[PDB]
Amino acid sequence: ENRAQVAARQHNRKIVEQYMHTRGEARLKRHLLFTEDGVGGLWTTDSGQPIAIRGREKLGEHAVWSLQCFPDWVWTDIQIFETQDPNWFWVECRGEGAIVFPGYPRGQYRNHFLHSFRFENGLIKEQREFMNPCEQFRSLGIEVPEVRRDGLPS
């Protein structure tokens, strides 16, 4: 049991490292790090519902879009956390790049991120990214509402 868990954790860590360092044209093949039915996407959005991309085929299609709308994206300040589950990792990092969304002015987007990676048989079964959407709003020129703080201790 321990031997199998140690082997899984060490292999899965290398896949997380590879995913987090993938940039440029290599993004077009990042979906090969997933199971055929693997899921990826953004869990923190304006609607409160995740934008989940389901299946290795749709993940590869999404990468094409990502190359147009986040053309130079880089993950920085990467810290990878193994867990007691050899098949579950967390990553704390930052990300940065141009944001080129349809019908918005071109912007520069910087944010802090957390990623969750769950594995099955050596590949990613579920990737999820979590951020503060207010920073993406700012990068797009969208007004961010402000909670009134007058009544709060400061």
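When you see a residue number, it is the position in the sequence shown, counting from 1.
**Student:** According to the deposited model, is the average Cα temperature factor higher in 44 to 52 or in 111 to 119?
**Tutor:** The recorded data point to 44 to 52.
**Student:** Quick one: say whether 84 to 92 or 23 to 31 has the higher mean Cα B-factor in the deposited entry.
**Tutor:** That would be 23 to 31.
**Student:** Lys125: which third of its chain by C-alpha temperature factor?
**Tutor:** For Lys125, whose C-alpha B-factor we compare with every modelled residue in the chain, the answer is the middle third.
**Student:** Lowest, middle or highest third of the chain for the C-alpha temperature factor of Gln136?
**Tutor:** As the PDB entry reports it, the C-alpha B-factor of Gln136 lands in the lowest third of its chain.
**Student:** Check where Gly97 lands among this chain's C-alpha B-factors and tell me if it's the lowest, middle or highest third.
**Tutor:** Within its chain, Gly97 is a lowest-third residue by C-alpha B-factor, going by the deposited values.
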